[PDB]
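Asker:
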Amino acid sequence: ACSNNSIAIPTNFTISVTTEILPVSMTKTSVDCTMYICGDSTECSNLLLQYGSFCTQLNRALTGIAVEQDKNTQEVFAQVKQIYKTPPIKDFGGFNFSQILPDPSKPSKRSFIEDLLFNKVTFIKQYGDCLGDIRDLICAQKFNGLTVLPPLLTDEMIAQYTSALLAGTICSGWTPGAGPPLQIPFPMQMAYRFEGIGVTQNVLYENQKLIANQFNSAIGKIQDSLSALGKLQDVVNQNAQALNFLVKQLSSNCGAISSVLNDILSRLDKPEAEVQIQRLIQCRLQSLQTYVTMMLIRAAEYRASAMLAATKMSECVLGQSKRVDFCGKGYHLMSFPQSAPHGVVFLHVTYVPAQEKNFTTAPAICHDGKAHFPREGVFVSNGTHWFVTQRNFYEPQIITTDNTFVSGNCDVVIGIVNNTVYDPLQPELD
Amino acid sequence: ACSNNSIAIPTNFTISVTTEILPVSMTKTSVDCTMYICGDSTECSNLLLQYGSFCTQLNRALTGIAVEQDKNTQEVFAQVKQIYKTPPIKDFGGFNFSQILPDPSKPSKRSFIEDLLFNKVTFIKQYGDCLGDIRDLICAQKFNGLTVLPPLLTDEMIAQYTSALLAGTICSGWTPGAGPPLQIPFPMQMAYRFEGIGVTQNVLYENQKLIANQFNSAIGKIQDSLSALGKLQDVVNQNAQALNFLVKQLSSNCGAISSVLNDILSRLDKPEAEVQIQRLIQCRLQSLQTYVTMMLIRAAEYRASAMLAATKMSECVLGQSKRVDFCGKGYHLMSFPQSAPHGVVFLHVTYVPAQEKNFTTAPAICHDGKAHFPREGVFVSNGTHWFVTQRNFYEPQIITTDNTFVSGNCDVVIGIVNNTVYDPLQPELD
Amino acid sequence: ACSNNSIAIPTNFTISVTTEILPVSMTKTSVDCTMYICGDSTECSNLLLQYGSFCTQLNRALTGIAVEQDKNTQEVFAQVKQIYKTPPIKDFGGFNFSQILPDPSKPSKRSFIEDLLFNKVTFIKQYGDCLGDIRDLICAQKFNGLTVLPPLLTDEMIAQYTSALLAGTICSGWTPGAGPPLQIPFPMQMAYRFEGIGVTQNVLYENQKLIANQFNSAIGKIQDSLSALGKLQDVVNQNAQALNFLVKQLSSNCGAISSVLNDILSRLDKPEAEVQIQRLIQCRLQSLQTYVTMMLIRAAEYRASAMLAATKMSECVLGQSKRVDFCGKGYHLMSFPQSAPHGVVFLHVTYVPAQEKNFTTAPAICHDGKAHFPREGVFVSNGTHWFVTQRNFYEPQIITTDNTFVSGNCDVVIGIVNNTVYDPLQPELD
Ligand SMILES: *[C@@H]1O[C@H](CO)[C@@H](O[C@@H]2O[C@H](CO)[C@@H](O)[C@H](O)[C@H]2NC(C)=O)[C@H](O)[C@H]1NC(C)=O
Ligand SMILES: *[C@@H]1O[C@H](CO)[C@@H](O[C@@H]2O[C@H](CO)[C@@H](O)[C@H](O)[C@H]2NC(C)=O)[C@H](O)[C@H]1NC(C)=O
Ligand SMILES: *[C@@H]1O[C@H](CO)[C@@H](O[C@@H]2O[C@H](CO)[C@@H](O)[C@H](O)[C@H]2NC(C)=O)[C@H](O)[C@H]1NC(C)=O
Ligand SMILES: *[C@@H]1O[C@H](CO)[C@@H](O[C@@H]2O[C@H](CO)[C@@H](O)[C@H](O)[C@H]2NC(C)=O)[C@H](O)[C@H]1NC(C)=O
Ligand SMILES: *[C@@H]1O[C@H](CO)[C@@H](O[C@@H]2O[C@H](CO)[C@@H](O)[C@H](O)[C@H]2NC(C)=O)[C@H](O)[C@H]1NC(C)=O
Ligand SMILES: *[C@@H]1O[C@H](CO)[C@@H](O[C@@H]2O[C@H](CO)[C@@H](O)[C@H](O)[C@H]2NC(C)=O)[C@H](O)[C@H]1NC(C)=O
Ligand SMILES: *[C@@H]1O[C@H](CO)[C@@H](O[C@@H]2O[C@H](CO)[C@@H](O)[C@H](O)[C@H]2NC(C)=O)[C@H](O)[C@H]1NC(C)=O
Ligand SMILES: *[C@@H]1O[C@H](CO)[C@@H](O[C@@H]2O[C@H](CO)[C@@H](O)[C@H](O)[C@H]2NC(C)=O)[C@H](O)[C@H]1NC(C)=O
Ligand SMILES: *[C@@H]1O[C@H](CO)[C@@H](O[C@@H]2O[C@H](CO)[C@@H](O)[C@H](O)[C@H]2NC(C)=O)[C@H](O)[C@H]1NC(C)=O
Ligand SMILES: *[C@@H]1O[C@H](CO)[C@@H](O[C@@H]2O[C@H](CO)[C@@H](O)[C@H](O)[C@H]2NC(C)=O)[C@H](O)[C@H]1NC(C)=O
Ligand SMILES: *[C@@H]1O[C@H](CO)[C@@H](O[C@@H]2O[C@H](CO)[C@@H](O)[C@H](O)[C@H]2NC(C)=O)[C@H](O)[C@H]1NC(C)=O
Ligand SMILES: *[C@@H]1O[C@H](CO)[C@@H](O[C@@H]2O[C@H](CO)[C@@H](O)[C@H](O)[C@H]2NC(C)=O)[C@H](O)[C@H]1NC(C)=O
Ligand SMILES: *[C@@H]1O[C@H](CO)[C@@H](O)[C@H](O)[C@H]1NC(C)=O
Ligand SMILES: *[C@@H]1O[C@H](CO)[C@@H](O)[C@H](O)[C@H]1NC(C)=O
Ligand SMILES: *[C@@H]1O[C@H](CO)[C@@H](O)[C@H](O)[C@H]1NC(C)=O
Ligand SMILES: *[C@@H]1O[C@H](CO)[C@@H](O)[C@H](O)[C@H]1NC(C)=O
Ligand SMILES: *[C@@H]1O[C@H](CO)[C@@H](O)[C@H](O)[C@H]1NC(C)=O
Ligand SMILES: *[C@@H]1O[C@H](CO)[C@@H](O)[C@H](O)[C@H]1NC(C)=O
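Protein sequences, first through last, are from chains C, A and B.
PDB author numbering puts the first sequence at residues 706 to 827, 833 to 844, 847 to 938, 943 to 1146.
PDB author numbering puts the second sequence at residues 706 to 827, 833 to 844, 847 to 938, 943 to 1146.
PDB author numbering puts the third sequence at residues 706 to 827, 833 to 844, 847 to 938, 943 to 1146.
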């Protein structure tokens, strides 16, 4: 049976790394509603005009989406204006960051891990294949008005932004609480990260070798850990399917003698063709409207993700959020962002307690008619003596008048025990 | 008239409980577009195929929603992997939790309060009535392709999750800052919750009886307080209305001689029936598309709520958020989650100051040419003497050299007063 | 080259003000689907009924949006129940708030800045022009079923709410951590805002004149700084465009002999008119459905913004969020909300470090075989002597036994230096 004076306190700990993947953006596309609905046909074009402004409005809606996609990327990545140069030391206290930092030997300045992500995530190809030089109208005709737009920010630009966000200000002064995760005086920076989670400084300095070894090992595990990227792979598959719908639907003779305008204008009287053409226009218009509606709703989902990604970057990467399970499970220490196809990947570094054991505890200690409360932390018994220590790491200290405060009375507190508080001044007087 | 040296400090306080209700999920449904649009008719089916892939795509969209609904529930509740057993003490320091914990005597292991919520919130019935054994195709035909899907997680499973989230780790070691709201050494756990809002430990230990009495009373009020659940009742009513739309619309002869396929095929020539059938297909398709669009938009709303509910659970239940009015109005102490039909209910426990009175204050005290600033809290005057105390509870202490720090000069600070700081060492030297 | 013992510490600072603009709400509108689709025509009305409940459902959807718009406003502004009176001092320690507080001499009780916003942001007019007395049906007919609804809360009411939120509780007791940004004992309130960002109290009291001067200057800059409000101007333009779509589309003879019902009923046989009318109904219905869909999606965007605005108000205005870049860039001190057309404007006051210089640092100091760690802050070298100071403002203090704690050993910490720790008791013993 469990009693009401038993506290579990960790005697050891480990450092772990978890991965979060967010779908910041999606491929920018545009559909020319006039070319999609009507091909090389004057009769179709004139009939389409008689249906009013539906076509024009749809172009507007899709354009707005394409613009938002660049806004999303900028809000997430364009937060730092640093250039980012090259660190001439390559040693941050035994810590290995060579796998998260840009590799100078590569064509594209990506880190090893970023490259793993890049080569993992796989209509758009066909459009890309018809182009290469700068003929967009030619391809648009081949693809029935469906075109693909370039991003505002290229892969190289994003890599530069993440290099600035991750490290940036390596050289020219450490900023303990006002800058990127990676800076030269790393051992100290960490000391003020442990403190931020209720772990005193000595814990880091006395265990630098163990901690660095655990950290370096954790990174290696991430490379093998990386399924995994299905969350971003889904982005491409979902968008490709939507485009496939538009293309296939053009072959549907929606109550029509055919799906080909030329086979309606030919071998058919004027008013007969007008009716058949109108039927195809009505169906193709309905199809396009369905597509656009789906894109508007989907785009909203990606916008929400982009906002979250930007928020987490500010609070997890360029800060130390204390929100539970917000920057990963456990006690947040830091985050190292990485670029990825259509999204951002965060490597969250957290502190995890280990090897807990229950010790006997008490509310307060009665010294001489007065109740002494712990200034910080808890009181624990090792079976023969009472000590005062912290909650996130077991390290008993002698209970003295400088570790407690006095309030109320011995006869008021219920869980009061009889122990002795040490007065450090008496030996100095004598 | 008010002066510029008047600070209001609470001399008393109360503990209050507020209720938050969130619509985490909605009933999972599915519509067979082929059966809905076309019944037992070959002619209708063939004509529907001529309209392309519209029907297929709509099935896809609705299926995606049904899946998301289980994801939403899992993100909110499936955060803890504890089993949750039975506490053999039933006494947490005079605190009564019998009304929030599962009742062993019930068929369904719900708490008393959970049961109140369960029996408060009230097409779906009719479908449920035709089934009972496992005949789904038979009902689907009766209900024109409209069917209802079961949840991944049953009510019993949710009750178990909330039991783990609320308490879970009652026996086998208290985890002061790394576990559920309810653990055996409750009086102490609370001490470190009061501290978390700037209220020193003695406040709790000297007032355990009053605090427990207020807490127990507050819970009783909640039972009578529980309108109230309209927020979740709306979920059922909104969804039922949407389904009613689809059913009723089938009776609309949208520019047709009838709304019954059999009355079109009968007493009508082949090409005449084809036209009339196409008109009904076009209308029924438009109706179904309207329905699906509404479900996609609505589903997005519920997804946002589920994400918020999950976030609050992590930060309010399995932590102590300091975000203002995030976990309820006042100073957050803890939260006790409860299950509910189509949602989650949070009972937020907050600290509320009472019986404030304004005292005269000052920036700093001049002792001997040097300005002494409060180490923590404020300086106050009782009319004849100056004392130092905290801000969230009035408890005057003697101003000593250990309660202040020295900076600047007496002649620099504007709101400087002439008082005396007590030096605790002199009596020891003499 | 940079070394691994260099810390940049600010020797000066400035106070800055940034502006955030949020689109809380949008104009409430309603469309009478029956009047829009069918004008003064019995034949059109009867044919519309034959299409079922589409028309009715659309009215429902738009109504729901109009209601949500008032909910959005209430959640953001209706958080405080104070009356707000008049401060008879007009002096908060040299700080000038006359430009953010309501001006008693104006017809509408707005602040100067609020008035700048009001007169900056510019179908709806035409409807507003036909009315003035309370004839809504007359205008509705003139505008083809398109009407405009009044807000629940008028401009005056909002101004009163923001006056309560900004100041409210000026007279009758200061509430250091439980009330609005503006209260009489401002110099002290600020002291506990600087402390909240790791800046000790003396920093404010010794620099009141400089700080007040910077603050007052910053406000003047905002007036000239106020493009700018494009974010809210877009709200009107986007909504106006959507309404223009509905109006223009009524002129489209969507496969019809005309767009005028009277020109179809006249000079045409009964069954011929029925067909032509049905074509117009189908197009006008499709147009209305398109409009409503766009409004539902757009409304969701504004709902998200309203929720964010309300959240920030609680955490930024009625609190001191520590979330990075959440309440503005830099260290958050306070926020002063202002009303605006269709939205809310926040003036964020932040602390920004200035004039940094790198000092030489070290992990710990070895005194006599034992390692002394800083109780708070960092150790720095001025080139000849070691001092201990804080991180957000350079102010060296003598390193004493009361500024450090002892842990581990001299021979364990790597970055250990040989310095002397001062013992303050020896001079008292002698
Ligand atoms: C805390 O846990 C770590 C990891 O288990 C312990 O480090 C291991 O110590 C053993 C014995 O010296 C070595 O053989 C292993 O190689 C170490 N592992 C690693 C990754 O270095 C550490 O000793 C434990 N600390 C305490 C106080 O028990
Ligand atoms: C940091 O990690 C990198 C990558 O794991 C290490 O580089 C590898 O070192 C081994 C051993 O010499 C070689 O066999 C591999 O071929 C190297 N890989 C690459 C990509 O160069 C690097 O040595 C580690 N540095 C430290 C200080 O631990
Ligand atoms: C609780 O801690 C105390 C202090 O470390 C332990 O007492 C010491 O035990 C060591 C090892 O036998 C002796 O060399 C010291 O002289 C003892 N000091 C004192 C003041 O007695 C004590 O044994 C521990 N209790 C338990 C159950 O482990
Ligand atoms: C803690 O110390 C107090 C004070 O010495 C103890 O209380 C006394 O106990 C004796 C023996 O039962 C009584 O005769 C005295 O009258 C008590 N004095 C008071 C003021 O109560 C107390 O029992 C000790 N507690 C423990 C656990 O040792
Ligand atoms: C703080 O407020 C509480 C609640 O009003 C006070 O508790 C009451 O005290 C009176 C007088 O002893 C009793 O008759 C009531 O029954 C108590 N109420 C409850 C719920 O127990 C408490 O005394 C006040 N504290 C102070 C210092 O004034
Ligand atoms: C905790 O609350 C429960 C429910 O209010 C209390 O149980 C009730 O006790 C009264 C008085 O004996 C009975 O008349 C009711 O019939 C009981 N209700 C139920 C559901 O059992 C319980 O006694 C309270 N326990 C404590 C320690 O306060
Ligand atoms: C301010 O507090 C002081 C200290 O409690 C009060 O002075 C004491 O008053 C009591 C009751 O008359 C006396 O028994 C003590 O001897 C007094 N102590 C001292 C040092 O004078 C003082 O009266 C309070 N002032 C007001 C206005 O309430
Ligand atoms: C606080 O103490 C200071 C120092 O004793 C007082 O300042 C002196 O006041 C006398 C009388 O007006 C003057 O003659 C001295 O020249 C002043 N000395 C200085 C350095 O200013 C001060 O007035 C006292 N304040 C209060 C409120 O008692
Ligand atoms: C911190 O920066 C402020 C602003 O630059 C300095 O204030 C200026 O000081 C000069 C010299 O006395 C005056 O001529 C300017 O008019 C002041 N500016 C303002 C706005 O008042 C301040 O002196 C600097 N502090 C330190 C220690 O260097
Ligand atoms: C606070 O700011 C207001 C507005 O800038 C100041 O009022 C202006 O004062 C100047 C100088 O006397 C006049 O020329 C302007 O016409 C005034 N404007 C208005 C709207 O009244 C006010 O004096 C400032 N107060 C303080 C203490 O700085
Ligand atoms: C580091 O700070 C110390 C203490 O202020 C400086 O030493 C003082 O310098 C002043 C000006 O020359 C002398 O009047 C004091 O007597 C010195 N005090 C001591 C203990 O030497 C020291 O010069 C500063 N070092 C540097 C490089 O600026
Ligand atoms: C800090 O003080 C220690 C202790 O005096 C110094 O260590 C000694 O240095 C001398 C000279 O090299 C050696 O002969 C002793 O054997 C060392 N003693 C120990 C325990 O190591 C240390 O060198 C000093 N460091 C600095 C930077 O002054
Ligand atoms: C609860 O604590 C009291 C006081 O120490 C003790 O007497 C009682 O046995 C404890 N309960 C259990 C089940 O151990
Ligand atoms: C608590 O004590 C029990 C009994 O010794 C033990 O089985 C359990 O593992 C302890 N809890 C922790 C966290 O060590
Ligand atoms: C503001 O404080 C000063 C200094 O104590 C005082 O002289 C003045 O009367 C106070 N103002 C009011 C209205 O009381
Ligand atoms: C502040 O003082 C006035 C005057 O005595 C009083 O009416 C008011 O209630 C006091 N404020 C508080 C919070 O007690
Ligand atoms: C890093 O710190 C060590 C120890 O003080 C020093 O010897 C080394 O030169 C420093 N590295 C650089 C590049 O200054
Ligand atoms: C760091 O030192 C270098 C070299 O003197 C200097 O150029 C740089 O400005 C310093 N960093 C800061 C923040 O002052």
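Built from N, CA and C at the ideal position, the CB exists for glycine as well.
Counting only beta-carbon atoms, is residue 920 of chain A nearer than 8 Å to chain C?
Answerer: yes
Asker: Let's test the definition: count the other Cβ atoms within 10 Å of the Cβ of residue 845 of chain A and tell me whether it reaches 16, buried, or not, exposed.
Answerer: Since the numbering of chain A jumps from 844 to 847, residue 845 of chain A cannot be located in this structure.
Asker: Can we count residue 891 of chain A as close to ligand 14, meaning its CB is less than 7 Å from some heavy atom?
Answerer: no
Asker: Do residue 1038 of chain A and residue 714 of chain A come within 8 Å of each other at the CB atom, strictly closer than that value?
Answerer: no
Asker: Check for me: the alpha helix (DSSP H) holding residue 929 of chain C runs from which residue to which?
Answerer: 920 to 937
Asker: Between the segment 953 to 986 of chain A and chain B, which residues of the former have a C-beta closer than 7 Å to a C-beta of the latter?
Answerer: 961, 964, 965, 968, 969, 970, 971
Asker: Is any beta-carbon of chain C found at less than 8 Å from that of residue 845 of chain A?
Answerer: The gap in chain A between 844 and 847 takes in residue 845 of chain A, so it carries no coordinates here.
Asker: In chain A, which residues lie less than 7 Å from residue 999 of chain B when you measure between Cβ atoms?
Answerer: Those within 7 Å of residue 999 of chain B in chain A number zero; the least Cβ separation is about 12 Å.
Asker: Under DSSP, the alpha helix (DSSP H) around residue 870 of chain B begins and ends at which residues?
Answerer: 867 to 878
Asker: Leaving out five residues on either side along the sequence, give the residues of the same chain with a beta carbon under 8 Å from the beta carbon of residue 907 of chain B.
Answerer: Cβ neighbours of residue 907 of chain B beyond the five flanking positions: 913.
Asker: Specify which residues have a beta carbon nearer than 5 Å to any heavy atom of ligand 2, listing them in chain order.
Answerer: C/801, C/803
Asker: According to DSSP, residue 1059 of chain B sits in a beta bridge with which residue or residues?
Answerer: In the DSSP output, where bridge partners are listed per residue, residue 1059 of chain B has B/1056.
Asker: Is it buried or exposed, residue 1096 of chain B, if we count other Cβ atoms within 10 angstroms and call 16 or more buried?
Answerer: Under the 10 Å beta carbon count, residue 1096 of chain B is surrounded by 16 or more other beta carbons and is classified as buried.
Asker: Go through its chain and collect everything with a Cβ distance to residue 1112 of chain C's Cβ below 6 Å, but skip five positions before and after it.
Answerer: 1103, 1105
Asker: Quick one: residues in its chain with C-beta nearer than 6 Å to the C-beta of residue 759 of chain C, no 5 flanking neighbours on either side, listed in chain order?
Answerer: none
Asker: Anything in chain C within Cβ reach of residue 1074 of chain B, meaning under 7 Å, just list it in chain order.
Answerer: 885
Asker: Can you tell me where the beta strand (DSSP E) holding residue 725 of chain A begins and where it ends?
Answerer: 711 to 727
Asker: I need the residues with a C-beta less than 5 Å from some heavy atom of ligand 11; please give them in chain order.
Answerer: B/1098, B/1099, B/1100, B/1101
Asker: Does any residue of chain C bring its CB to less than 8 Å from the CB of residue 1039 of chain B?
Answerer: yes
Asker: Determine the chain C residues that contact residue 1131 of chain A at a beta-carbon separation under 8 Å, and present them in chain order.
Answerer: The contacting residues do not exist; residue 1131 of chain A stays about 28 Å from chain C at best.
Asker: Among C/1005, C/1140, C/983, which one has its Cα closest to the Cα of residue 765 of chain C?
Answerer: C/1005
Asker: Rounded to a whole number of angstroms, what is the C-alpha to C-alpha distance between residue 950 of chain A and residue 904 of chain A?
Answerer: 39 Å
Asker: Pick out whichever of B/1047, B/763, B/733, B/891 has its Cα sitting closest to the Cα of residue 742 of chain B.
Answerer: B/763
Asker: Any heavy atom of ligand 4 closer than 7 Å to the Cβ of residue 1134 of chain C?
Answerer: Correct: residue 1134 of chain C has its Cβ closer than 7 Å to ligand 4.
Asker: At 8 Å on the CB atoms, spell out the chain B contacts of residue 1034 of chain C, in chain order.
Answerer: 1040, 1041
Asker: Given a cut-off of 8 Å on the beta-carbon distance, is the pair residue 862 of chain C and residue 1051 of chain C in contact?
Answerer: Contact flag unset, no.
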